[PDB]
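Comments concern the structure below.
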Amino acid sequence: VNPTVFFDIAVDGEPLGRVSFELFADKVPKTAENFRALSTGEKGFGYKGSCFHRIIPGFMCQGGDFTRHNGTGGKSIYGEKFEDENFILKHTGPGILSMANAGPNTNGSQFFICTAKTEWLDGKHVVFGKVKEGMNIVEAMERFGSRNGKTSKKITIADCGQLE
């Protein structure tokens with residue numbers, strides 16, 4: 001019953017591969033639905049065509065800013081920001097999907113895929129999904145990142161939607 005969402009990733013316009021995610025709609029329903037709707041674009045906006053603006057190898061890949069493409073923008077389906085739904089799920093290793101924020105109850109559309117165990121984020125960032133297929137694609141994305149987060153090539157969501 002948990003939805004599965006796909007991203008097709010492109011590096012400088014050249015296809016790279018497909019990552020799919022399970023969204024914990026049972027454990028965090030308000031958070032998951034935000035991500036699901038932004039991935040299908042069914043509300044008229046969303047992730048299709050947006051980039052991964054910050055990639056730090058051995059830490060995480062961060063994306064979802066579809067309005068300013070640099071970490072300062074984005075918005076949720078509910079409005080500019082929404083609350084921290086709960087912190088039931090923890091950052092337990094690579095593949096975890098978690099919300100970026102700027103303080104309590106400031107979720108928008110930005111997210112990060114963890115490429116490490118990031119336990120110091122527990123209780124501050126809402127975990128809402130996990131990579132199901134294509135962890136190897138995420139590892140390939142990581143190699144375009146750098147220590148300060150700047151990417152050497154443009155990493156874009158060329159297409160995205162719901163698989164089930």
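Naming scheme: A, B, ... for chains in displayed order of the structure tokens; residues 1 onward per chain; ligands 1 onward as shown.
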Problem set entry | Selection: 12 Å around region 15-18 of chain A, only C-alpha atoms, excl. self and same-chain fewer than 3 positions, as a ChimeraX atom specification | /A:5-12,21,131-141,144,154-161,163
For the residues in that selection, give me N, CA, C and O atoms as a short mmCIF file (atom, residue, chain, number, x, y, z; two decimals), in the first residue's frame.
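Saved file result23.cif follows:
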data_model
loop_
_atom_site.label_atom_id
_atom_site.label_comp_id
_atom_site.auth_asym_id
_atom_site.auth_seq_id
_atom_site.Cartn_x
_atom_site.Cartn_y
_atom_site.Cartn_z
N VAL A 5 7.73 5.83 -5.94
CA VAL A 5 7.93 6.95 -6.84
C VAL A 5 9.25 6.74 -7.57
O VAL A 5 10.20 6.21 -6.99
N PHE A 6 9.31 7.12 -8.85
CA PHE A 6 10.57 7.01 -9.58
C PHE A 6 11.09 8.40 -9.94
O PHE A 6 10.32 9.34 -10.14
N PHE A 7 12.42 8.51 -9.96
CA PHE A 7 13.16 9.58 -10.63
C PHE A 7 13.99 8.93 -11.72
O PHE A 7 14.64 7.92 -11.47
N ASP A 8 13.99 9.52 -12.92
CA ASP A 8 15.04 9.27 -13.90
C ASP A 8 16.07 10.39 -13.79
O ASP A 8 15.71 11.57 -13.84
N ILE A 9 17.33 10.02 -13.61
CA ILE A 9 18.41 10.98 -13.41
C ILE A 9 19.20 11.17 -14.69
O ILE A 9 19.48 10.21 -15.42
N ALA A 10 19.58 12.41 -14.96
CA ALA A 10 20.39 12.77 -16.12
C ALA A 10 21.57 13.61 -15.67
O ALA A 10 21.42 14.48 -14.80
N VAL A 11 22.73 13.36 -16.25
CA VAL A 11 23.95 14.10 -15.95
C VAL A 11 24.34 14.84 -17.22
O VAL A 11 24.57 14.21 -18.26
N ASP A 12 24.37 16.17 -17.14
CA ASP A 12 24.58 17.01 -18.32
C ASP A 12 23.70 16.56 -19.48
O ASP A 12 24.16 16.41 -20.61
N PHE A 21 11.83 4.96 -4.95
CA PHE A 21 11.74 5.17 -3.51
C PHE A 21 10.43 4.62 -3.00
O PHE A 21 9.38 4.85 -3.60
N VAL A 131 15.29 4.45 -0.51
CA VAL A 131 15.57 3.97 -1.86
C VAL A 131 15.28 2.47 -1.94
O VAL A 131 15.82 1.67 -1.15
N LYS A 132 14.45 2.09 -2.91
CA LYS A 132 14.03 0.72 -3.13
C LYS A 132 14.85 0.05 -4.23
O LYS A 132 15.36 -1.06 -4.04
N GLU A 133 15.00 0.70 -5.37
CA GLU A 133 15.85 0.24 -6.45
C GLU A 133 16.76 1.37 -6.88
O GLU A 133 16.39 2.54 -6.80
N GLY A 134 17.95 1.01 -7.34
CA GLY A 134 18.84 1.99 -7.91
C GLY A 134 19.74 2.67 -6.91
O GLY A 134 20.20 3.79 -7.18
N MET A 135 19.99 2.04 -5.76
CA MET A 135 21.00 2.61 -4.88
C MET A 135 22.31 2.81 -5.62
O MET A 135 23.05 3.75 -5.34
N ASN A 136 22.59 1.94 -6.62
CA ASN A 136 23.81 2.09 -7.40
C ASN A 136 23.79 3.38 -8.23
O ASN A 136 24.86 3.93 -8.52
N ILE A 137 22.61 3.84 -8.64
CA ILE A 137 22.53 5.11 -9.35
C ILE A 137 22.86 6.25 -8.40
O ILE A 137 23.58 7.19 -8.76
N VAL A 138 22.36 6.18 -7.16
CA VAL A 138 22.70 7.20 -6.18
C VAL A 138 24.20 7.24 -5.96
O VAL A 138 24.81 8.31 -5.89
N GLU A 139 24.84 6.07 -5.86
CA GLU A 139 26.29 6.04 -5.69
C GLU A 139 27.00 6.69 -6.87
O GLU A 139 28.00 7.40 -6.70
N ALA A 140 26.48 6.49 -8.08
CA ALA A 140 27.05 7.15 -9.25
C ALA A 140 26.86 8.67 -9.18
O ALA A 140 27.77 9.42 -9.56
N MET A 141 25.70 9.13 -8.71
CA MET A 141 25.51 10.58 -8.52
C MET A 141 26.57 11.15 -7.59
O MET A 141 27.06 12.27 -7.81
N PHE A 144 29.84 12.89 -8.71
CA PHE A 144 29.84 14.24 -9.28
C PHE A 144 29.82 15.33 -8.21
O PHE A 144 29.81 16.52 -8.55
N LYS A 154 25.78 19.01 -14.15
CA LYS A 154 24.41 19.27 -13.72
C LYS A 154 23.65 17.95 -13.59
O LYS A 154 23.51 17.21 -14.57
N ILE A 155 23.11 17.70 -12.40
CA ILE A 155 22.41 16.46 -12.10
C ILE A 155 20.93 16.80 -12.01
O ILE A 155 20.51 17.50 -11.09
N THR A 156 20.13 16.32 -12.97
CA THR A 156 18.74 16.73 -13.05
C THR A 156 17.81 15.53 -12.98
O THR A 156 18.18 14.40 -13.30
N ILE A 157 16.60 15.80 -12.50
CA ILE A 157 15.50 14.85 -12.57
C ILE A 157 14.89 15.04 -13.96
O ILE A 157 14.14 15.98 -14.20
N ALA A 158 15.24 14.15 -14.89
CA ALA A 158 14.74 14.27 -16.26
C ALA A 158 13.28 13.86 -16.36
O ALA A 158 12.54 14.35 -17.22
N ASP A 159 12.84 12.97 -15.47
CA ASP A 159 11.46 12.54 -15.45
C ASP A 159 11.23 11.94 -14.08
O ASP A 159 12.18 11.53 -13.40
N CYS A 160 9.97 11.91 -13.66
CA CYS A 160 9.62 11.39 -12.35
C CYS A 160 8.12 11.14 -12.29
O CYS A 160 7.34 11.82 -12.97
N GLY A 161 7.72 10.16 -11.48
CA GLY A 161 6.32 9.82 -11.38
C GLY A 161 6.12 8.68 -10.41
O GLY A 161 7.03 8.30 -9.66
N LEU A 163 5.16 4.71 -9.60
CA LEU A 163 5.17 3.37 -10.18
C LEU A 163 4.07 2.48 -9.63
O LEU A 163 3.52 1.65 -10.37
#
Residue 1 (chain A) environment, 9 Å, only C-alpha atoms, sequence neighbours closer than 6 positions dropped, as a PDB file with C-alpha atoms, in the first residue's frame:
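The resulting file, result.pdb, is shown below:
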ATOM      1  CA  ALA A  25       2.555   6.923   3.829  1.00  0.00           C
ATOM      2  CA  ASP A  26       1.511   4.699   6.746  1.00  0.00           C
ATOM      3  CA  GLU A 164       2.665   1.877  -7.720  1.00  0.00           C
TER       4      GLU A 164
END
Extract, using only C-alpha atoms, all DNA, RNA and protein residues at most 10 Å from residue 28 (chain A), discarding same-chain residues fewer than 3 positions from it, and format them as a CSV table (one decimal) with N, CA and C atoms, in the first residue's frame.
chain,number,residue,atom,x,y,z
A,23,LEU,N,7.6,5.4,-0.1
A,23,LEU,CA,7.2,6.5,0.7
A,23,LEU,C,6.4,6.0,1.9
A,24,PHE,N,6.8,6.3,3.1
A,24,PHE,CA,6.1,5.7,4.3
A,24,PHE,C,4.8,6.4,4.6
A,25,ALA,N,3.9,6.3,3.7
A,25,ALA,CA,2.6,6.9,3.8
A,25,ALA,C,1.8,6.4,5.1
A,31,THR,N,3.7,13.9,5.2
A,31,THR,CA,5.0,14.2,4.5
A,31,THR,C,5.1,13.4,3.2
A,32,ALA,N,4.8,12.1,3.2
A,32,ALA,CA,4.9,11.3,2.0
A,32,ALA,C,4.1,11.8,0.9
A,33,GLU,N,2.8,12.2,1.2
A,33,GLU,CA,1.9,12.7,0.1
A,33,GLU,C,2.4,13.9,-0.6
A,84,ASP,N,6.7,19.6,11.1
A,84,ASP,CA,7.4,18.4,11.3
A,84,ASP,C,6.3,17.4,11.8
A,85,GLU,N,6.0,16.4,11.0
A,85,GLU,CA,4.9,15.5,11.2
A,85,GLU,C,5.1,14.6,12.4
A,86,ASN,N,6.3,13.9,12.4
A,86,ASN,CA,6.7,13.1,13.6
A,86,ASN,C,8.2,12.8,13.3
A,87,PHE,N,8.8,12.2,14.3
A,87,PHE,CA,10.2,11.7,14.2
A,87,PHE,C,10.3,10.2,14.5
A,88,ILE,N,9.3,9.5,14.1
A,88,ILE,CA,9.2,8.0,14.4
A,88,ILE,C,10.4,7.3,13.7
A,89,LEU,N,10.7,7.7,12.5
A,89,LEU,CA,11.8,7.0,11.7
A,89,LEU,C,13.1,7.8,11.8
A,126,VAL,N,12.6,15.1,9.3
A,126,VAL,CA,11.6,14.0,9.2
A,126,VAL,C,11.9,13.0,8.1
A,127,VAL,N,12.2,11.8,8.5
A,127,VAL,CA,12.5,10.7,7.6
A,127,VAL,C,11.2,10.1,7.0
A,128,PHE,N,11.1,10.0,5.7
A,128,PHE,CA,9.8,9.6,5.1
A,128,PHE,C,9.9,8.6,4.0
A,129,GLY,N,11.1,8.1,3.7
A,129,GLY,CA,11.1,7.1,2.6
A,129,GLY,C,12.5,6.5,2.6
Neighbour list for residue 53 (chain A) as a compact mmCIF listing (two decimals) with C-alpha atoms, in the first residue's frame, cut-off 8 Å, only C-alpha atoms, skip fewer than 6 positions in-chain:
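Contents of part-v9.txt, freshly written:
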# COMPACT_ATOMS: atom_id res chain seq x y z
CA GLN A 62 20.15 17.18 -1.70
CA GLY A 63 17.55 18.35 -4.19
CA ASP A 65 14.45 23.25 -4.98
CA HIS A 69 17.61 25.70 -8.12
CA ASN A 70 20.16 26.49 -5.40
CA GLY A 71 18.80 25.59 -1.97
CA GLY A 149 28.65 20.31 -2.18
CA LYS A 150 29.06 21.89 -5.61
CA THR A 151 28.50 19.44 -8.44
CA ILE A 155 22.41 16.46 -12.10
For this session: Find, counting only C-alpha atoms, the residue in A:147, A:103, A:111, A:27 that gets nearest to residue 52 (chain A).
Result: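 Ranked by minimum distance to residue 52 (chain A), first place goes to A:111.
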For this session: Quote the spacing between CA of residue 93 (chain A) and CA of residue 152 (chain A) in Å to one decimal place.
Result: 25.1 Å
Exercise. So what do you get for CA of residue 44 (chain A) versus CA of residue 82 (chain A), distance-wise?
Worked result: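 According to the coordinates, CA of residue 44 (chain A) and CA of residue 82 (chain A) are separated by 18.7 Å.
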Run DSSP on the backbone and tell me which residues of chain A come out as strand (DSSP E); list them as a CSV table (one decimal) with C-alpha atoms, in the first residue's frame.
chain,number,residue,atom,x,y,z
A,4,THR,CA,6.6,3.9,-4.9
A,5,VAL,CA,7.9,7.0,-6.8
A,6,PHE,CA,10.6,7.0,-9.6
A,7,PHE,CA,13.2,9.6,-10.6
A,8,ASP,CA,15.0,9.3,-13.9
A,9,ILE,CA,18.4,11.0,-13.4
A,10,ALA,CA,20.4,12.8,-16.1
A,11,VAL,CA,24.0,14.1,-16.0
A,14,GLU,CA,22.8,12.4,-20.7
A,15,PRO,CA,20.7,9.6,-19.0
A,16,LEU,CA,22.3,8.0,-16.0
A,17,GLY,CA,19.6,5.7,-14.6
A,18,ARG,CA,16.5,5.3,-12.5
A,19,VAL,CA,16.1,5.5,-8.7
A,20,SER,CA,12.8,4.4,-7.1
A,21,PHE,CA,11.7,5.2,-3.5
A,22,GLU,CA,9.2,3.8,-1.1
A,23,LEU,CA,7.2,6.5,0.7
A,54,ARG,CA,24.2,20.0,-3.3
A,55,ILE,CA,26.0,16.6,-3.3
A,56,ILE,CA,28.6,15.8,-0.6
A,60,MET,CA,24.1,12.9,1.2
A,61,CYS,CA,22.5,14.2,-2.1
A,62,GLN,CA,20.2,17.2,-1.7
A,63,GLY,CA,17.5,18.4,-4.2
A,96,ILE,CA,17.2,7.1,3.7
A,97,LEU,CA,15.0,9.9,2.4
A,98,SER,CA,14.6,12.8,4.7
A,99,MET,CA,13.3,16.4,4.6
A,111,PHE,CA,14.9,16.7,0.6
A,112,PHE,CA,18.0,14.6,0.8
A,113,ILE,CA,19.1,11.1,0.1
A,114,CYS,CA,21.5,10.0,2.8
A,127,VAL,CA,12.5,10.7,7.6
A,128,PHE,CA,9.8,9.6,5.1
A,129,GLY,CA,11.1,7.1,2.6
A,130,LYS,CA,13.9,4.9,1.5
A,131,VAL,CA,15.6,4.0,-1.9
A,132,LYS,CA,14.0,0.7,-3.1
A,133,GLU,CA,15.8,0.2,-6.5
A,155,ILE,CA,22.4,16.5,-12.1
A,156,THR,CA,18.7,16.7,-13.1
A,157,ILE,CA,15.5,14.9,-12.6
A,158,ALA,CA,14.7,14.3,-16.3
A,159,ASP,CA,11.5,12.5,-15.4
A,160,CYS,CA,9.6,11.4,-12.3
A,161,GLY,CA,6.3,9.8,-11.4
A,162,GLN,CA,4.6,7.1,-9.5
Problem set entry | For residue 74 (chain A), the nearest of the candidates A:13, A:123, A:49, A:108, counting only C-alpha atoms |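 Distance minimum relative to residue 74 (chain A) lands on A:108.
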Exercise. Hey, which of A:45, A:146, A:106, A:51 ends up closest to residue 81 (chain A)? Count only C-alpha atoms.
Worked result: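 Of A:45, A:146, A:106, A:51, the one nearest residue 81 (chain A), counting only C-alpha atoms, is A:106.
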Exercise. Pick from A:58, A:91, A:72, A:66: nearest to residue 115 (chain A), with only C-alpha atoms counted?
Worked result: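 Closest to residue 115 (chain A) of all the choices is A:58.
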For this session: Figure out the distance between CA of residue 100 (chain A) and CA of residue 124 (chain A), please, to one decimal in Å.
Result: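 One can read the CA of residue 124 (chain A) to CA of residue 100 (chain A) distance as 9.3 Å.
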For this session: Pick out the residues sitting within 8 Å of residue 37 (chain A), and hand them over as number ranges by chain; count only C-alpha atoms, and ignore anything fewer than 5 positions along from it in its own chain.
Result: A: 42-43, 46, 77
Dump of C-alpha atoms for the selected residues, as a compact mmCIF listing (two decimals), in the first residue's frame:
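Everything below was put into out_28.txt:
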# COMPACT_ATOMS: atom_id res chain seq x y z
CA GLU A 42 -0.46 16.37 -10.44
CA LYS A 43 -0.94 19.70 -8.62
CA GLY A 46 6.84 19.55 -8.84
CA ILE A 77 1.63 21.24 -1.83
